[PDB]
Amino acid sequence: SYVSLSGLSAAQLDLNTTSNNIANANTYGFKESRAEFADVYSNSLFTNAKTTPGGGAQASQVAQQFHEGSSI
Amino acid sequence: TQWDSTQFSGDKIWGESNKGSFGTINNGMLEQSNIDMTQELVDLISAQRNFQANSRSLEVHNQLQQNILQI
């Protein structure tokens with residue numbers, strides 16, 4: 001269930017990032033943001049690996065794409 | 001949720017993060033209990049079954065003793 005909760009958190013973070021990008025559609029000089037995620041896996045000393053599933057999804061960083069915007 | 005080093009445990013080996021055999025340190029996270037509710041409930045059912053079986057055996061022993069007494 002914690003993996004599903006991590007997925008929900010990642011989806012909601014992406015939703016919030018997209019909402020911020022949409023809200024700032026008219027702000028002058030604003031630069032959009034992109035949400036990048038990463039997998040989670042344990043590193044125990046005695047790990048079965050083949051018999052151990054994943055550990056969900058973890059937010060890595062919110063990017064700050066700096067590509068040139070349009071000019072008015 | 002705290003532990004100390006005893007004789008059987010050995011001695012505390014100090015070290016840094018992500019060095020040698022040590023793991024990494026992540027900020028903004030917490031560890032939950034390393035339990036599985038399904039397994040705990042199934043083990044609870046099995047333990048209850050075993051307890052009932054042992055109580056039945058004890059009852060059989062008591063009944064045998066009482067039957068011997070009534071002679």
# chains A, B, ... in the order shown; residues from 1 in each chain; ligands from 1
>>> interface_residues(of="chain B", to="chain A", cutoff="12 Å", atoms="only C-alpha atoms", output="PyMOL selection string")
chain B and resi 18+21-24+26+28-29+31-38
>>> write_last_selection(atoms="N, CA, C and O atoms", output="PDB file, in the first residue's frame")
ATOM      1  N   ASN B  18      27.425   6.181   2.985  1.00  0.00           N
ATOM      2  CA  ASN B  18      27.810   5.729   1.647  1.00  0.00           C
ATOM      3  C   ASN B  18      29.317   5.484   1.567  1.00  0.00           C
ATOM      4  O   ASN B  18      29.989   5.879   0.613  1.00  0.00           O
ATOM      5  N   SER B  21      30.652  -0.573   3.739  1.00  0.00           N
ATOM      6  CA  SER B  21      29.441  -1.379   3.807  1.00  0.00           C
ATOM      7  C   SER B  21      28.238  -0.601   4.314  1.00  0.00           C
ATOM      8  O   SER B  21      27.147  -1.169   4.413  1.00  0.00           O
ATOM      9  N   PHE B  22      28.405   0.679   4.637  1.00  0.00           N
ATOM     10  CA  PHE B  22      27.300   1.474   5.143  1.00  0.00           C
ATOM     11  C   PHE B  22      26.358   1.871   4.011  1.00  0.00           C
ATOM     12  O   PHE B  22      26.697   1.805   2.828  1.00  0.00           O
ATOM     13  N   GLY B  23      25.155   2.282   4.392  1.00  0.00           N
ATOM     14  CA  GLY B  23      24.158   2.745   3.452  1.00  0.00           C
ATOM     15  C   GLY B  23      24.226   4.242   3.245  1.00  0.00           C
ATOM     16  O   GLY B  23      25.229   4.896   3.540  1.00  0.00           O
ATOM     17  N   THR B  24      23.136   4.789   2.726  1.00  0.00           N
ATOM     18  CA  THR B  24      23.021   6.213   2.458  1.00  0.00           C
ATOM     19  C   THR B  24      22.013   6.844   3.408  1.00  0.00           C
ATOM     20  O   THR B  24      21.196   6.165   4.035  1.00  0.00           O
ATOM     21  N   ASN B  26      19.040   9.717   3.562  1.00  0.00           N
ATOM     22  CA  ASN B  26      18.107  10.503   2.770  1.00  0.00           C
ATOM     23  C   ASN B  26      17.307  11.405   3.695  1.00  0.00           C
ATOM     24  O   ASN B  26      16.758  10.942   4.697  1.00  0.00           O
ATOM     25  N   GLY B  28      14.112  14.059   4.469  1.00  0.00           N
ATOM     26  CA  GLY B  28      12.717  14.162   4.094  1.00  0.00           C
ATOM     27  C   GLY B  28      11.949  12.861   4.078  1.00  0.00           C
ATOM     28  O   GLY B  28      10.836  12.829   3.545  1.00  0.00           O
ATOM     29  N   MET B  29      12.506  11.786   4.633  1.00  0.00           N
ATOM     30  CA  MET B  29      11.842  10.493   4.663  1.00  0.00           C
ATOM     31  C   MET B  29      11.867   9.932   6.076  1.00  0.00           C
ATOM     32  O   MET B  29      12.644  10.368   6.928  1.00  0.00           O
ATOM     33  N   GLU B  31      11.154   5.942   8.277  1.00  0.00           N
ATOM     34  CA  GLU B  31      10.989   4.500   8.183  1.00  0.00           C
ATOM     35  C   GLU B  31       9.740   4.075   8.939  1.00  0.00           C
ATOM     36  O   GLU B  31       9.542   4.469  10.093  1.00  0.00           O
ATOM     37  N   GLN B  32       8.902   3.276   8.286  1.00  0.00           N
ATOM     38  CA  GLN B  32       7.754   2.675   8.940  1.00  0.00           C
ATOM     39  C   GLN B  32       8.139   1.309   9.496  1.00  0.00           C
ATOM     40  O   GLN B  32       9.271   0.844   9.341  1.00  0.00           O
ATOM     41  N   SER B  33       7.192   0.655  10.156  1.00  0.00           N
ATOM     42  CA  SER B  33       7.448  -0.681  10.671  1.00  0.00           C
ATOM     43  C   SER B  33       7.605  -1.668   9.522  1.00  0.00           C
ATOM     44  O   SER B  33       6.887  -1.612   8.519  1.00  0.00           O
ATOM     45  N   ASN B  34       8.560  -2.581   9.674  1.00  0.00           N
ATOM     46  CA  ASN B  34       8.844  -3.571   8.637  1.00  0.00           C
ATOM     47  C   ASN B  34       7.988  -4.823   8.851  1.00  0.00           C
ATOM     48  O   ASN B  34       8.476  -5.942   8.999  1.00  0.00           O
ATOM     49  N   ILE B  35       6.673  -4.604   8.853  1.00  0.00           N
ATOM     50  CA  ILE B  35       5.705  -5.661   9.097  1.00  0.00           C
ATOM     51  C   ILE B  35       4.759  -5.745   7.909  1.00  0.00           C
ATOM     52  O   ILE B  35       4.611  -4.803   7.128  1.00  0.00           O
ATOM     53  N   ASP B  36       4.119  -6.903   7.775  1.00  0.00           N
ATOM     54  CA  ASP B  36       3.090  -7.127   6.771  1.00  0.00           C
ATOM     55  C   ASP B  36       1.823  -7.562   7.489  1.00  0.00           C
ATOM     56  O   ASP B  36       1.811  -8.606   8.150  1.00  0.00           O
ATOM     57  N   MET B  37       0.759  -6.765   7.356  1.00  0.00           N
ATOM     58  CA  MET B  37      -0.461  -7.015   8.118  1.00  0.00           C
ATOM     59  C   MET B  37      -1.068  -8.370   7.776  1.00  0.00           C
ATOM     60  O   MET B  37      -1.572  -9.071   8.661  1.00  0.00           O
ATOM     61  N   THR B  38      -1.039  -8.747   6.497  1.00  0.00           N
ATOM     62  CA  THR B  38      -1.565 -10.046   6.096  1.00  0.00           C
ATOM     63  C   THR B  38      -0.863 -11.175   6.840  1.00  0.00           C
ATOM     64  O   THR B  38      -1.511 -12.066   7.407  1.00  0.00           O
TER      65      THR B  38
END
>>> residues_around(residues="residue A:35", least_positions_apart="6", cutoff="8 Å", atoms="only C-alpha atoms", output="PyMOL selection string")
chain A and resi 13-14+17+59-63
>>> select_by_dssp(residues="chain A", states="strand (DSSP E)", output="VMD selection string")
chain A and resid 34 to 39 57 to 63
>>> atom_distance(atom1="atom CA of residue B:41", atom2="atom CA of residue A:54")
23.3 Å
>>> select_by_dssp(residues="chain B", states="helix (DSSP H, G or I)", output="VMD selection string")
chain B and resid 37 to 69
>>> write_last_selection(atoms="N, CA and C atoms", output="short mmCIF file (atom, residue, chain, number, x, y, z; two decimals), in the first residue's frame")
data_model
loop_
_atom_site.label_atom_id
_atom_site.label_comp_id
_atom_site.auth_asym_id
_atom_site.auth_seq_id
_atom_site.Cartn_x
_atom_site.Cartn_y
_atom_site.Cartn_z
N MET B 37 0.76 -6.77 7.36
CA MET B 37 -0.46 -7.02 8.12
C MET B 37 -1.07 -8.37 7.78
N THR B 38 -1.04 -8.75 6.50
CA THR B 38 -1.57 -10.05 6.10
C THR B 38 -0.86 -11.18 6.84
N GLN B 39 0.47 -11.14 6.86
CA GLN B 39 1.22 -12.19 7.54
C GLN B 39 0.94 -12.20 9.03
N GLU B 40 0.84 -11.01 9.64
CA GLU B 40 0.57 -10.94 11.07
C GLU B 40 -0.79 -11.54 11.40
N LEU B 41 -1.82 -11.21 10.61
CA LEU B 41 -3.15 -11.75 10.88
C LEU B 41 -3.20 -13.26 10.67
N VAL B 42 -2.54 -13.75 9.62
CA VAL B 42 -2.53 -15.20 9.38
C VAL B 42 -1.81 -15.91 10.52
N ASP B 43 -0.69 -15.36 10.97
CA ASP B 43 0.02 -15.96 12.11
C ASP B 43 -0.83 -15.90 13.37
N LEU B 44 -1.62 -14.84 13.53
CA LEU B 44 -2.52 -14.75 14.67
C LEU B 44 -3.54 -15.88 14.64
N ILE B 45 -4.12 -16.14 13.47
CA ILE B 45 -5.09 -17.22 13.34
C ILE B 45 -4.44 -18.56 13.65
N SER B 46 -3.25 -18.80 13.10
CA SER B 46 -2.58 -20.07 13.33
C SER B 46 -2.21 -20.26 14.80
N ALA B 47 -1.76 -19.19 15.45
CA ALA B 47 -1.43 -19.27 16.87
C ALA B 47 -2.66 -19.57 17.71
N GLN B 48 -3.80 -18.95 17.36
CA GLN B 48 -5.03 -19.27 18.07
C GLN B 48 -5.40 -20.74 17.88
N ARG B 49 -5.25 -21.25 16.66
CA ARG B 49 -5.55 -22.66 16.41
C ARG B 49 -4.66 -23.58 17.25
N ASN B 50 -3.36 -23.27 17.31
CA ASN B 50 -2.45 -24.09 18.10
C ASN B 50 -2.78 -24.01 19.59
N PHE B 51 -3.13 -22.82 20.07
CA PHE B 51 -3.53 -22.66 21.47
C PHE B 51 -4.77 -23.49 21.78
N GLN B 52 -5.75 -23.49 20.87
CA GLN B 52 -6.94 -24.30 21.07
C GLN B 52 -6.60 -25.78 21.10
N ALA B 53 -5.71 -26.22 20.21
CA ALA B 53 -5.32 -27.63 20.20
C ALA B 53 -4.64 -28.03 21.51
N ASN B 54 -3.72 -27.19 22.00
CA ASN B 54 -3.04 -27.50 23.25
C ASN B 54 -4.01 -27.51 24.42
N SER B 55 -4.96 -26.58 24.44
CA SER B 55 -5.97 -26.58 25.49
C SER B 55 -6.81 -27.85 25.43
N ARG B 56 -7.13 -28.32 24.22
CA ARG B 56 -7.84 -29.59 24.08
C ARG B 56 -7.04 -30.74 24.66
N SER B 57 -5.73 -30.77 24.38
CA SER B 57 -4.89 -31.83 24.93
C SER B 57 -4.86 -31.78 26.46
N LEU B 58 -4.75 -30.57 27.02
CA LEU B 58 -4.77 -30.43 28.47
C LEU B 58 -6.10 -30.90 29.05
N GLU B 59 -7.20 -30.58 28.38
CA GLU B 59 -8.51 -31.05 28.82
C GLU B 59 -8.58 -32.57 28.79
N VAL B 60 -8.00 -33.19 27.76
CA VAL B 60 -7.98 -34.65 27.69
C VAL B 60 -7.19 -35.23 28.86
N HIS B 61 -6.05 -34.62 29.18
CA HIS B 61 -5.26 -35.09 30.32
C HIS B 61 -6.06 -34.98 31.62
N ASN B 62 -6.74 -33.86 31.82
CA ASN B 62 -7.54 -33.68 33.03
C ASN B 62 -8.68 -34.68 33.10
N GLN B 63 -9.33 -34.94 31.97
CA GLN B 63 -10.42 -35.92 31.95
C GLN B 63 -9.91 -37.31 32.28
N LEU B 64 -8.73 -37.68 31.75
CA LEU B 64 -8.16 -38.98 32.08
C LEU B 64 -7.84 -39.08 33.56
N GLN B 65 -7.26 -38.02 34.14
CA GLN B 65 -6.96 -38.04 35.57
C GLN B 65 -8.23 -38.17 36.40
N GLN B 66 -9.28 -37.44 36.02
CA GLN B 66 -10.54 -37.53 36.76
C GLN B 66 -11.18 -38.91 36.61
N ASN B 67 -11.08 -39.52 35.43
CA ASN B 67 -11.61 -40.86 35.25
C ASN B 67 -10.86 -41.86 36.12
N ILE B 68 -9.54 -41.72 36.21
CA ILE B 68 -8.76 -42.58 37.10
C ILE B 68 -9.16 -42.35 38.55
N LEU B 69 -9.44 -41.10 38.91
CA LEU B 69 -9.80 -40.79 40.29
C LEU B 69 -11.10 -41.46 40.71
#
>>> residues_around(residues="residue A:1", least_positions_apart="5", cutoff="10 Å", atoms="only C-alpha atoms", output="PyMOL selection string")
chain A and resi 6-7+56
>>> residues_around(residues="residue A:28", least_positions_apart="3", cutoff="12 Å", atoms="only C-alpha atoms", output="PyMOL selection string")
chain A and resi 24-25+31-32+69-72
>>> write_last_selection(atoms="N, CA and C atoms", output="PDB file, in the first residue's frame")
ATOM      1  N   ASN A  24       0.996  30.336 -14.048  1.00  0.00           N
ATOM      2  CA  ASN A  24       1.982  31.341 -14.423  1.00  0.00           C
ATOM      3  C   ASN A  24       2.039  31.590 -15.929  1.00  0.00           C
ATOM      4  N   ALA A  25       0.956  31.310 -16.657  1.00  0.00           N
ATOM      5  CA  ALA A  25       0.965  31.463 -18.109  1.00  0.00           C
ATOM      6  C   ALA A  25       1.153  32.907 -18.555  1.00  0.00           C
ATOM      7  N   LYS A  31       9.762  30.828 -16.004  1.00  0.00           N
ATOM      8  CA  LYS A  31      10.303  29.624 -16.615  1.00  0.00           C
ATOM      9  C   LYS A  31       9.565  28.414 -16.065  1.00  0.00           C
ATOM     10  N   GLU A  32       9.111  27.539 -16.958  1.00  0.00           N
ATOM     11  CA  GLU A  32       8.304  26.400 -16.553  1.00  0.00           C
ATOM     12  C   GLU A  32       9.126  25.430 -15.709  1.00  0.00           C
ATOM     13  N   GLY A  69      11.682  31.866 -24.028  1.00  0.00           N
ATOM     14  CA  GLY A  69      10.263  32.036 -24.241  1.00  0.00           C
ATOM     15  C   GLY A  69       9.956  33.038 -25.334  1.00  0.00           C
ATOM     16  N   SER A  70       8.676  33.114 -25.686  1.00  0.00           N
ATOM     17  CA  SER A  70       8.247  34.036 -26.722  1.00  0.00           C
ATOM     18  C   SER A  70       8.335  35.476 -26.227  1.00  0.00           C
ATOM     19  N   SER A  71       8.390  36.404 -27.178  1.00  0.00           N
ATOM     20  CA  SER A  71       8.549  37.819 -26.885  1.00  0.00           C
ATOM     21  C   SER A  71       7.341  38.588 -27.393  1.00  0.00           C
ATOM     22  N   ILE A  72       6.827  39.480 -26.556  1.00  0.00           N
ATOM     23  CA  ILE A  72       5.721  40.347 -26.928  1.00  0.00           C
ATOM     24  C   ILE A  72       6.261  41.759 -27.100  1.00  0.00           C
TER      25      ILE A  72
END
>>> atom_distance(atom1="atom CA of residue A:58", atom2="atom CA of residue B:3")
29.0 Å
>>> atom_distance(atom1="atom CA of residue A:34", atom2="atom CA of residue A:8")
17.3 Å
>>> decode(residues="stretch 52-69 of chain A", atoms="N, CA and C atoms", output="PDB file, in the first residue's frame")
ATOM      1  N   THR A  52      12.307 -10.115  -4.302  1.00  0.00           N
ATOM      2  CA  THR A  52      11.918  -8.860  -3.674  1.00  0.00           C
ATOM      3  C   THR A  52      11.379  -7.900  -4.721  1.00  0.00           C
ATOM      4  N   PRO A  53      10.151  -7.411  -4.572  1.00  0.00           N
ATOM      5  CA  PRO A  53       9.607  -6.457  -5.545  1.00  0.00           C
ATOM      6  C   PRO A  53      10.176  -5.059  -5.370  1.00  0.00           C
ATOM      7  N   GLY A  54       9.673  -4.104  -6.142  1.00  0.00           N
ATOM      8  CA  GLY A  54      10.148  -2.741  -6.059  1.00  0.00           C
ATOM      9  C   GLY A  54       9.691  -2.051  -4.787  1.00  0.00           C
ATOM     10  N   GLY A  55      10.124  -0.803  -4.643  1.00  0.00           N
ATOM     11  CA  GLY A  55       9.818  -0.035  -3.453  1.00  0.00           C
ATOM     12  C   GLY A  55       9.057   1.243  -3.726  1.00  0.00           C
ATOM     13  N   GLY A  56       8.449   1.337  -4.907  1.00  0.00           N
ATOM     14  CA  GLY A  56       7.643   2.492  -5.245  1.00  0.00           C
ATOM     15  C   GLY A  56       8.353   3.496  -6.127  1.00  0.00           C
ATOM     16  N   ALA A  57       7.943   4.759  -6.043  1.00  0.00           N
ATOM     17  CA  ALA A  57       8.524   5.827  -6.844  1.00  0.00           C
ATOM     18  C   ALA A  57       8.822   7.018  -5.949  1.00  0.00           C
ATOM     19  N   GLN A  58       9.996   7.616  -6.134  1.00  0.00           N
ATOM     20  CA  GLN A  58      10.445   8.750  -5.341  1.00  0.00           C
ATOM     21  C   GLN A  58      10.677   9.945  -6.252  1.00  0.00           C
ATOM     22  N   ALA A  59      10.199  11.112  -5.831  1.00  0.00           N
ATOM     23  CA  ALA A  59      10.453  12.331  -6.583  1.00  0.00           C
ATOM     24  C   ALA A  59      11.933  12.678  -6.529  1.00  0.00           C
ATOM     25  N   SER A  60      12.529  12.885  -7.702  1.00  0.00           N
ATOM     26  CA  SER A  60      13.953  13.185  -7.786  1.00  0.00           C
ATOM     27  C   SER A  60      14.212  14.684  -7.684  1.00  0.00           C
ATOM     28  N   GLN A  61      13.647  15.460  -8.603  1.00  0.00           N
ATOM     29  CA  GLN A  61      13.825  16.904  -8.595  1.00  0.00           C
ATOM     30  C   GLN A  61      12.742  17.537  -9.453  1.00  0.00           C
ATOM     31  N   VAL A  62      12.467  18.807  -9.180  1.00  0.00           N
ATOM     32  CA  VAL A  62      11.599  19.614 -10.029  1.00  0.00           C
ATOM     33  C   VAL A  62      12.502  20.486 -10.890  1.00  0.00           C
ATOM     34  N   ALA A  63      12.551  20.192 -12.185  1.00  0.00           N
ATOM     35  CA  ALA A  63      13.450  20.902 -13.075  1.00  0.00           C
ATOM     36  C   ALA A  63      12.966  22.336 -13.287  1.00  0.00           C
ATOM     37  N   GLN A  64      13.824  23.134 -13.907  1.00  0.00           N
ATOM     38  CA  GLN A  64      13.600  24.557 -14.138  1.00  0.00           C
ATOM     39  C   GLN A  64      13.969  24.913 -15.571  1.00  0.00           C
ATOM     40  N   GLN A  65      13.421  24.157 -16.525  1.00  0.00           N
ATOM     41  CA  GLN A  65      13.717  24.326 -17.945  1.00  0.00           C
ATOM     42  C   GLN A  65      13.806  25.797 -18.330  1.00  0.00           C
ATOM     43  N   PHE A  66      14.952  26.185 -18.889  1.00  0.00           N
ATOM     44  CA  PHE A  66      15.285  27.582 -19.138  1.00  0.00           C
ATOM     45  C   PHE A  66      15.315  27.899 -20.625  1.00  0.00           C
ATOM     46  N   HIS A  67      14.508  27.199 -21.415  1.00  0.00           N
ATOM     47  CA  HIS A  67      14.470  27.479 -22.841  1.00  0.00           C
ATOM     48  C   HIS A  67      13.829  28.839 -23.091  1.00  0.00           C
ATOM     49  N   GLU A  68      14.323  29.535 -24.113  1.00  0.00           N
ATOM     50  CA  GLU A  68      13.869  30.892 -24.391  1.00  0.00           C
ATOM     51  C   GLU A  68      12.374  30.925 -24.671  1.00  0.00           C
ATOM     52  N   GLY A  69      11.682  31.866 -24.028  1.00  0.00           N
ATOM     53  CA  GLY A  69      10.263  32.036 -24.241  1.00  0.00           C
ATOM     54  C   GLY A  69       9.956  33.038 -25.334  1.00  0.00           C
TER      55      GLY A  69
END
